[PDB]
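As written, the chains take the letters A, B, C and D, and residue 1 is the first residue of each chain.
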Amino acid sequence: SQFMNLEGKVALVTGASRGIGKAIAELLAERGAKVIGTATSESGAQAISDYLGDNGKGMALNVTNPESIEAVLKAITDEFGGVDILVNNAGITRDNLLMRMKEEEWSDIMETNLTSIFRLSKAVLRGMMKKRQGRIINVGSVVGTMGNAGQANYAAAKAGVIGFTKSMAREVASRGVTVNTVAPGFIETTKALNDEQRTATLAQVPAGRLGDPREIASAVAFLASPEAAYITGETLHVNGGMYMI
Amino acid sequence: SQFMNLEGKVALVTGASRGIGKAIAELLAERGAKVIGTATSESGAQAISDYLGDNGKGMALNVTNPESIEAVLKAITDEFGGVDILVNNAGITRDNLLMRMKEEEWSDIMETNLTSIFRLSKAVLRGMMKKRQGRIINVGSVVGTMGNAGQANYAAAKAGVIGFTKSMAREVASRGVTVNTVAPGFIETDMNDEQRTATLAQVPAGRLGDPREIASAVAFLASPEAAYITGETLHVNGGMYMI
Amino acid sequence: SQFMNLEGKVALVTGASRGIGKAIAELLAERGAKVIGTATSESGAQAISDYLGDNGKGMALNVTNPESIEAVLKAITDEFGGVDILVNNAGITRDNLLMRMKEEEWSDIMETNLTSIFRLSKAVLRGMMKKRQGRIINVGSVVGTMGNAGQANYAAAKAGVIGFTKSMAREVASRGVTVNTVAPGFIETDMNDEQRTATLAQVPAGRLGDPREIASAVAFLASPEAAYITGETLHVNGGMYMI
Amino acid sequence: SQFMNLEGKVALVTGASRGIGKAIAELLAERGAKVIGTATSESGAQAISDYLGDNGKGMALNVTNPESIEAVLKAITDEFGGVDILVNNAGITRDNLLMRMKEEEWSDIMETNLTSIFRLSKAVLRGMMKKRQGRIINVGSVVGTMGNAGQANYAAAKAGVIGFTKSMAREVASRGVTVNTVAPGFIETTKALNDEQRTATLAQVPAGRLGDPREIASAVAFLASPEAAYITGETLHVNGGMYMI
C-alpha cells in the first residue's frame, strides 16, 4: 500500500549486523527503503549484504572515526544519492559502579554512544535540509530516562542523546526534517544473562517478558514514515511498562 | 501485508463523525479492523455508517451516559463480539480563565474528557483481559503535558487521562492488554486568524498537524507490532513540546 | 533570619489535623506565617487550634462543599485578610482494581482530590493577583506521575492536579503568583506488613519519608526565595521515581 | 535555627567566582557550611577567599584536569576533612548551529560540562558513602530538558548530567547520599545580550523576567539541607515557567 511506505528513501542503519539494528534494517527494506547497514568489519558488512540482497547493502563503519564516516557517506551518496533516513543504532556498554569505573570506560561510552550521533547527524543533515525532507532516529535506552546503577556512563550518553535530539529537532523542524529517539527497554538479544538476573529484570517489567527486536524495528519504521512527519523532538518508549513518562 | 494488520479486530472509536475521530476510524478500517464509530446524534451515526460501508457502522453514543454506553457495547458485542481496540477520542473544550470559569465548564470537561475514559475502559476491559489481548488508546492533548492559559479544566482532564492510563497499564500488562495515550498538538480541525499565527508561532514545524497524522499514530499503537508499548504518551505536535 | 521567612503571610492548609498537613501547618507557622489549618469536624478544628496556639487557628472545612469553602474564606478574610499561601493537602484514597471500582469511588476521588483544587484555587486567586503576590502549592503523589495498579482513580486525580497547576502557572505568572505541586512518595502516615516491605522494595532510600520532609519542600516553595519556580512538580520520594 | 542548617558540613562549589556559583557559595556559608569555592586562576581563588572570609576559602581548579582535581580535594580533605556537599556548577557554552559546530566546540562542552561531573563525583563519593551522608547537586539548565537551537552540544551535556544523576542516585541512595540537579532558566548574569535577544527570550518566560542568581542559590541550599534527604534523582526547575515537566 501507500501506508508506511519508504519506497524512494535511502536509509543508513549503523550497527546492523545483529539484534535490533538488523531487525531495523530488515523492516525498513520490507517497507521499501534502500538500506545501507553497517558493521565494524568487512566480514560483518558482507553478512549484512547477504541478508539485504537487492534491497541494499553492507559497509564497514567505525562511528568514532571521522574518516570512516566520510568514506561511507560518499560511497552511499555516489551510488544511492543522499541519505533520507539516519538510524543511529551503533552503541556499547562499559558497565561498572562509579568507584570502579575507568576513565576509558567513561570516555569510550561518550565517544561511541553520544559523540557519534553528533558526527553522523551533522554529516547527513545538509542534504536532508536542502531536500526539505529527512528523518534522524536515535536508538536510546530506558536507562537514559530511568537511570540504572552500574550504568552511569551509559545512562549519561543515552540521556545526552535526547538533549541533542530535542535541540536538533528545534533547529531543523521548519525545513521538514524530524529528529527523534526510540528508547527500548529490555529486549531479547540479554540472552546468556544469569537465570537470576533475568527474573530480577523481568520482575520490573509489567508485560512480564522481554521485548522482541522486531518491536523496536516497528517503532523505528513508524517514525521513519511520511505519516510520522508531525512527530519531532520525541522519545518513544518501548519497554513493556518498565518505565512510564 | 501482515504488517500493521488489524483484520479480525473489533475497534470502537468514540466521536468518529468528524476530524481526528473520523480519520482514526477510516485508517483502522483501511488496516482491516471492523470499526464502530460513534456520534452524539443518529444523523451523525448514519454519516459514520455511510463512510465505513462494509467495514463497520455508526452508533449514537453520549460518553457521559452509563445507559448509552451499555446499550452501545451490548449492540456491538451481540453483532461483532467483544471490543479489541478502544479509542477514546470523544472530547470537548470549555475555555475560560479561572476567574471566569463556571462550575459547569469545569464539570462538563471532567465528565466528557476524563470520567468517560474510566467508564468506557472499565466496560471493555474484562473481555480484553479474558482474551489476553487488547488495546486501549486515549486521545489526549499536548495541553495535558504543557498546560495552557485559559484551559485549566481541559489540561486537568487531559493530564488525568495519563495518570489513569499509566495505572491501567500496570494493572493489565501481564494479561496482554496495552493502554496508551496519543497526545496531538494543534491539528487542523473544527477548532481567530490572530490566534492561529500566535499558536503556529510556537510550532517549530511551522504548520498545524493533519488529522491523518493523529490517525497514523493511533493505528500504530493499535497494531500487534506495538505490543511492548504501554503506559506511554506519544506526542504528535510538530515540536511544540518535547518531553 | 530573613531567609525563608513567611512573617506577614496568611497560609491556608487544608486537611491539617494529622500527618502531612499537620507537619506543613507547623512548619509554615515556625517560619512566621499566620496559619489556618482545616479538618472535616469541629473537634478536628479545635485540635488544630490547640497546636497552632497564637500562630493561627483551626476551622472546619469540607473541600467538596462550595458553601463550606465560602464560609471558611470569608471568616479568614474578615479576621486575617486575604490568603497569601494556599496549600491544597486534603485528599483521600478509594483503592480498587478497575473491574471492582465503584462509580462513587471514582467520583469521590475526582471531587476530593481534583475538583477541590479548582474550587479553592479559584476562591483565593483574585486577591493574590491583585496583590501581585501569591503561592498555590498542591500536594500530589508519586502515583500521579508513576501510575499504580489498584489506584487508577487516585492516579488520574493526582495527574490532573499537575495539568491544572501548569495551566494556572501560565495564567498567573505575570502577576507574581506561583503555582506548583509537591509530589510525595511513600510517607509514614496513617495509610499490611507485607505490602510495606513490597513498597519499600521499590524505594532506593530504603525507608518511608517523614511528613516533615514533605513540609520542608512546601515551606520552600512557599518562600519569597522560590519566586522563580512555577508550573513545577517537586518529587520527594526517596528515588522511587525519577523524572 | 536548626531549619536548613549546614553547620558542620563541608561544601565544594566549582566555578564560584561569579554569578550563580558565587551566590551558591555565599548562601551555603550563610546557612553554616564551611565552603570551598573554585576558580580557574589563583587571582580568582583569592577573590573567592575575600568574599567567604572565615566561612571558607578559594582554590584554583580546572575541572577537566585529573591532577588539579586530586590536588584540590587532598587540600580540602587535609584542612577541613571530607566533602559533604558537592556543587558541580562550573560549565561553559560553545554555541553554534550543527553545520557550523566544530569538533572542539563539541568535545570541550562534553569535557567541561559532563565528564567533569563523573570525575568530581567519583572523587568525593567514597567518603560520603562511608559517612552514610552526602549531597551531590549539579547545576544543569532548562536547555537540557527543553532543547535549544544553536546549543545541541550544551543540551546534550546538560541532558547527560541528568542521566548520570539518576544512575548515581540509584547507586548510592541506600547509603544516605542524594544526587540531584538544579536546572536554571534564564538568569541575570545574559547581560549585554542584545536588547532584541532578551525580549525574545523573555517573551518565552511567563514570569516576564530573568531569574536572580540568588534564586538558583536558594534551590541548591534547599537540596543541600538535611530536610532534603528524601529527594534524590530529581531535576528541580527554576525557570519562571519557561518549561513545565
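In this section, contacts are C-beta pairs under 8 Å (C-beta built on N, C-alpha and C of every residue); 3 or more make two chains touch, one makes a residue touch a chain.
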Higher-contact pair (C-beta pairs counted), C-D versus A-C: C-D
Intercentroid distance (Cα basis), subunit D paired with subunit C, Å: 30
Centroid spacing, where centroids are CA-atom means, of subunit A and subunit D in whole angstrom: 31
Averaged-CA centre spacing for the pair subunit D and subunit B, given as whole angstrom: 43
Where subunit A touches two or more other chains at once, by residue number: 146-147, 166, 169-170, 233, 244-245
Topology of the chain contact graph, where touching chains are joined (line, ring, star, complete, other): complete
Touching pairs among all chains present in the structure: A-B, A-C, A-D, B-C, B-D, C-D
Subunit C residues within the subunit A interface of the complex: 146-147, 242-243
Sites on subunit B touched by subunit A in the complex: 1, 3-4, 30-31, 166, 169-170, 173-174, 185, 203-206, 209-210, 212-213, 216-217, 220, 223, 225-239, 242-243
Parts of subunit B lying in touch with subunit C, wherever the complex brings them together: 97-99, 101, 106-107, 110, 114-115, 118, 121-122, 125-126, 129, 143-171, 231
